[PDB]
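What follows is one structure encoded as structure tokens, with my remarks underneath.
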Amino acid sequence: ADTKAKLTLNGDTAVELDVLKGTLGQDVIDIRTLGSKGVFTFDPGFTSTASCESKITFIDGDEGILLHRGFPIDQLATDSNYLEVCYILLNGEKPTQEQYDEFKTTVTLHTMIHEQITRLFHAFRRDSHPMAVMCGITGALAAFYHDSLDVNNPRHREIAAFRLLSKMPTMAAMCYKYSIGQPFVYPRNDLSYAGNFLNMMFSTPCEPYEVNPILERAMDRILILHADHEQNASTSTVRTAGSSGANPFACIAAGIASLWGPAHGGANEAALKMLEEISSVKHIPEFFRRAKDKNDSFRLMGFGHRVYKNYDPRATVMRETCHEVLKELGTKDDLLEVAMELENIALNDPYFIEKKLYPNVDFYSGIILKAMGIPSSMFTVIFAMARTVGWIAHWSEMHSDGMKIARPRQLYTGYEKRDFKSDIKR
Amino acid sequence: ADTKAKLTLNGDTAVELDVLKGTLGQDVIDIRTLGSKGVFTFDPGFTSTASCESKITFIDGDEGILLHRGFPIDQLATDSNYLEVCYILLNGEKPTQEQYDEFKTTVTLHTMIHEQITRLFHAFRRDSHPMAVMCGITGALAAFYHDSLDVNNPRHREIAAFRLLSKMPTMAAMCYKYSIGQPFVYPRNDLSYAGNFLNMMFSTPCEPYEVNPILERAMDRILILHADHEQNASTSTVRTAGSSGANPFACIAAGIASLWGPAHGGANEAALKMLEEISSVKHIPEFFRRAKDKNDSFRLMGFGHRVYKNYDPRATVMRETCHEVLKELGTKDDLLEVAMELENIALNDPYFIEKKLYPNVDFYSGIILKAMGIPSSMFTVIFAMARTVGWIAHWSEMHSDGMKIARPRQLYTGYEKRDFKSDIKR
Amino acid sequence: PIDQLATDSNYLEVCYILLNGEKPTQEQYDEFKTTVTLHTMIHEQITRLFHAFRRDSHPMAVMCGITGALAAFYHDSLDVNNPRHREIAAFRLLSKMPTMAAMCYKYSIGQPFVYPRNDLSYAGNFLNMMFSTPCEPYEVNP
Ligand SMILES: NC(=O)c1ccc[n+]([C@@H]2O[C@H](COP(=O)([O-])OP(=O)(O)OC[C@H]3O[C@@H](n4cnc5c(N)ncnc54)[C@H](O)[C@@H]3O)[C@@H](O)[C@H]2O)c1
Ligand SMILES: NC(=O)c1ccc[n+]([C@@H]2O[C@H](COP(=O)([O-])OP(=O)(O)OC[C@H]3O[C@@H](n4cnc5c(N)ncnc54)[C@H](O)[C@@H]3O)[C@@H](O)[C@H]2O)c1
Ligand SMILES: NC(=O)c1ccc[n+]([C@@H]2O[C@H](COP(=O)([O-])OP(=O)(O)OC[C@H]3O[C@@H](n4cnc5c(N)ncnc54)[C@H](O)[C@@H]3O)[C@@H](O)[C@H]2O)c1
């Protein structure tokens, strides 16, 4: 311990504050009774403020460390599967065969969505973005599932969580099928979480679909690697919304919208344009998309990350998996080889070395999905569908903490009181 | 400015922190730099953390002060109209006749929603809670208005502002009409904002609907009184989702859901049900409702508020408005003597006096709304509808500032790094 | 006696007896049984009528509504004074009622409608249309 005893805040006289010690990472200064004395801190963005105590995910950016209930992301990604990882994130411990089998069975038994929610899909335009459709469908669930909205009832919370974990993939695949004009595919209980997804994504009544083991395993890993990422913007949106008592589905829709957010920029969509609509080592990785990099233009595309200093721990296995996929699909991948030239640039180009634009999990996640024949508009849908369990865990944990209602202060610098006098008459 | 220049935090090294001053209210200690020094606070709920710098609304909870751009709520609720208040909050000043003309004109010519959006309502169950349908349509707006989702684009913010402002009452009236099986009503370019809302809510194609000028003003007042309420939970949600790039339509949808959070909060839902049922001037007004108070659920019933100490400043104009409406609807208000008694019990019961369960603005709004024949299910829809202008202003102020993304810290107290080995074999 | 029929017969053979007055021979039963199964599927447009009812409605009321709407489609078998019409009408009712019933059920709970399968008995096909789901094949317990 350093100065993990206490501390003093002095304005004109002292104020002794406690310091809480964490099991990992930095310890914090307890300031809960401060404002209750008038004294407030100023911190837009909360980068110097701990908003909660959590035991879910630990991250050490400078060390490139990511843990889920104490387990390193690499261990879980390689020796587990999305559902077992979900069980761990939600319960805190790994399941025994009895626990896993129970959980797994409940998840599969609720994959089918109500027949009327499917009617809602047909009211959206065919030209709409799959992500927006997904947010719309998600923010519409509480109208049907009115029987599991109480965040203060464990029964409601557990049913809600299962409804999200079971149904999100089905929704996601449907946002896909509708966008391309193909018929919706029902979930099949005999197929794994990832296999059933790939099926609902690519199945067609014209012939039975064959789920490739390497693709199924690749998908499930994309899910694991996107299951959670600690107190980020999207997760904080789930916690802040739910702190007022907002239903689960409404909190998930907001998490999706937040994870969607950074892609709305005009310069973002314009660069992703060239990344997509362009295919050749002389085309993109040759002073075209490389020279056309102006304001942000990187993390969204798989380069760099504010959380990690030198590398994204999620990229290790994702890069290993990218090899296996590119190798397996071959006759359905070799053309996408430019991934090597994009990676070559991110590691050697001075612009990328200096700005620490290392390929993150999404660089390799993107290459895999593209190779599988999935469009870019569906990538974040799949990441969000994966992150939902993390949202549930953080949301469930926020409630056990007594559902602290987000009621922040403000620094008011507007007009002092003044009288209202308007001579208009419209 | 006494020592409103600086102070010091003492951990292991005496770090100086500038004391930032406001134009009204409390001062704040700028701790935005502590993070870099490895020093972080702990504040679940943010009751001592100024989440931002704001100029929109100011509140002195003990002294019952509520100012919008410096202007007192009483003067706005009596002198101004809803659209002028919208302009004031959004532009920081009362409009010139010309500026008001142009503002009102823009609002009037964007009230009718895209016909494809209208077909979404028809996929929901006729028995859906109008508020769940409202959250559903608003979250579905992004798929249609994909042309104004660039939060960093000034014109997109403007169009999205006018889109939300013009259409919310259109969509809210459609929810009600859908819930009772009556045909949707189209906006009326000749009607005022409040009168148009009433027309869309109550008229049929069967006979001409003439808006009562007294109910027109009463609704205008219910709206002005719900325009904005500073940094509350739902606005904090809107701001947080916004900083993470979420589109304006999703931000407002999150706010709507976060607003009715306590309604389906288990203990609050059942409370509204008991108030809902009886109105026979013999049960409720004679300790039927009073005897049962194991859960508070009071602010929701119009009794009390965490923000103000003695009274709700917004309730001043609403109560006066409330008795006018009742008189206007003279020989029909017989079974509604419970309102005066419930009020009396709130003013004279030692328990209500003790806990300061004063009738808040929503107590009277509820009376005005119930008197108008509007079902209780539409109350929060109406409040969120009016509250939208506040949310839009707050979302905008967060943008113009510096888009400081919500990235709080977490006092980690979970498992230390532990090795993983699958217990299961499935 | 009802006990004899309930124990040693089956709904379709009992139907044959009620309608004809005598028990069927193998030839008569097989003919009747086959005609009943061959008309289990209802017109695609009658199914559209199901979607116009509210999800919250009582299955029985929906059933009455669907039933009192059949003459609008089956306008070719309304004459009660024509044996041809009467026999076709009777078969239409005996074949289609279970399909309608199961659909009033599936609609009320939000599950997809299940088509009749000719390889399943009168009761087995019903249980199937009641409890089947595209998520896996249903197993009809004997
Ligand atoms: N005990 C639990 O953990 C638990 C968890 C979730 C939901 N539920 C309960 O089950 C019902 C939930 O339905 P919902 O919200 O998932 O959808 P839903 O009921 O609105 O619509 C789908 C219908 O299909 C059924 N269904 C879904 N997937 C299926 C599958 N793979 N095979 C067969 N039938 C399938 C569902 O049971 C349901 O009747 C409620 O009664 C709810 O309380 C229970
Ligand atoms: N300059 C602005 O403030 C501003 C504000 C909002 C929208 N817009 C732009 O103008 C167009 C309007 O889009 P939208 O959101 O209104 O369309 P929409 O997709 O919601 O469709 C509604 C259609 O009805 C028209 N409309 C709506 N209310 C009307 C009324 N009361 N009287 C007559 N016509 C009415 C609209 O112009 C539009 O064509 C878009 O291109 C949008 O970008 C501009
Ligand atoms: N000879 C008879 O006893 C007899 C009895 C009933 C109906 N019919 C005749 O058959 C047609 C009646 O159609 P309906 O009133 O039953 O429905 P319908 O024609 O209005 O709609 C269903 C359609 O699916 C067909 N169908 C129904 N069940 C089927 C199954 N199990 N396998 C394959 N196809 C199937 C029907 O023949 C029909 O074309 C008419 O031409 C009618 O005259 C004949």
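Here is how names work: the chains are called A, B, and so on, in the same order as the sequence lines, proteins then strands, and each is numbered from 1. Counting convention: from 1, in listed order, for ligands and their atoms alike. What you see below is based on every heavy atom in this structure, not just the backbone, and it leaves out hydrogens, waters and symmetry mates.
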When you look at C:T47 and C:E44, which way does the side chain to side chain donor-acceptor pair (under 3.5 Å) test go after all the steps? CA-CA 5 Å; C:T47 302; C:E44 190 183 17; over 6 Å; no
How far is atom 33 (C) of ligand 1 from its nearest protein heavy atom, and which residue and atom is that? C:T133 CG2, 3.9 Å
Starting from atom 19 (O) of ligand 1, locate the nearest protein heavy atom and write down its residue, its atom name and how far away it is, to 0.1 Å. C:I109 O, 4.6 Å
Take atom 41 (O) of ligand 1 and look for protein heavy atoms under 4.0 Å from it; say yes if you find one, no if not. no
Per-atom contacts of ligand 1 with C:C135, taking only distances under 4.0 Å to non-hydrogen atoms: 30 (C), 31 (N), 32 (N)
Min over B:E158, B:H110, B:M112 of heavy-atom distance to atom 11 (C) of ligand 2 lands on B:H110
Any idea which protein heavy atom is nearest atom 32 (N) of ligand 3, and the distance to it? C:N118 ND2, 3.5 Å
Determine whether A:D101 and B:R426 satisfy the following criterion, salt bridge (charged side-chain N to carboxylate O under 4.0 Å, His left out), listing intermediate values before the conclusion. CA-CA 8 Å; A:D101 287 357; B:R426 196 169 171 181; 3.2 Å; yes
Sub-4.0 Å protein heavy atom next to atom 27 (C) of ligand 3: yes
More than 12 foreign heavy atoms under 6.0 Å from CD of C:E27: is that the case here? yes
If you scan protein heavy atoms around atom 5 (C) of ligand 1, the nearest is A:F162 CB, 3.7 Å
Within a radius of less than 6.0 Å around CD of C:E31, do more than 12 heavy atoms belonging to other residues, nucleotides or ligands occur? no
What do the steps show when you test A:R157 against A:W395 for side chain to side chain contact (heavy atoms under 4.5 Å, CB included), and what is the final call? CA-CA 10 Å; A:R157 288 186 291 149; A:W395 177 83; 3.5 Å; yes
Quick one: sort the B:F124 and A:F144 rings into parallel, tilted or perpendicular, breaks at 30° and 60°. parallel
Of A:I159, A:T108, A:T118, A:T105, which has the heavy atom at the shortest distance from atom 43 (O) of ligand 1? A:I159
Specify side chain, backbone, both or neither for C:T40, according to which of its non-hydrogen atoms lie closer than 4.0 Å to ligand 3. both
Would a line drawn from the ring center of A:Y145 to the ring center of A:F249 be shorter than 6.0 Å? yes
B:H122 vs B:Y178 aromatic rings, parallel, tilted or perpendicular, using cut-offs 30° and 60°? perpendicular
Looking at C:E87, I want to see if its CD is surrounded by more than 12 non-hydrogen atoms of other residues, nucleotides or ligands under 6.0 Å. no
Provide, to 0.1 Å, the distance between atom 15 (O) of ligand 3 and the closest protein heavy atom, together with that atom's residue and name. C:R92 NE, 2.5 Å
Does atom CZ of A:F121 have more than 12 heavy-atom neighbours, drawn from other residues, nucleotides or ligands, at distances under 6.0 Å? yes
Have a look at ligand 1 and work out which part of A:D147, if any, has a heavy atom under 4.0 Å from it: side chain, backbone, both or neither. neither
Aromatic plane relationship, B:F103 with B:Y87 - under 30° parallel, 30 to 60° tilted, over 60° perpendicular: perpendicular
Using a 3.5 Å cut-off on N or O atoms only, is C:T35 in polar contact with ligand 3? no
So for A:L109 against ligand 1, with non-hydrogen atoms under 4.0 Å, the contacting part is backbone
Nearest heavy atom to atom 14 (P) of ligand 3 wins, so pick from C:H43, C:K96, C:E44. C:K96
Atoms of ligand 1 close to C:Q111 [distance to a heavy atom under 4.0 angstrom, numbered from 1]: 23 (C), 24 (O), 25 (C), 38 (C), 39 (O)
Show, in sequence, the C-alpha distance, side-chain angles and deciding distance for A:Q116 and C:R55, and conclude whether the side chain to side chain donor-acceptor pair (under 3.5 Å) test is met. CA-CA 8 Å; A:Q116 196 65 47; C:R55 287 282 179 180; 2.8 Å; yes
Proximity flag B:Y145 to ligand 2, non-hydrogen atoms under 4.0 Å: yes
Per-atom contact, atom 35 (C) of ligand 3, protein heavy atoms, under 4.0 angstrom: yes
Under 4.0 Å from atom 1 (N) of ligand 1, is there at least one protein heavy atom? no
Protein heavy atoms near atom 38 (C) of ligand 2, is at least one of them under 4.0 angstrom away? no
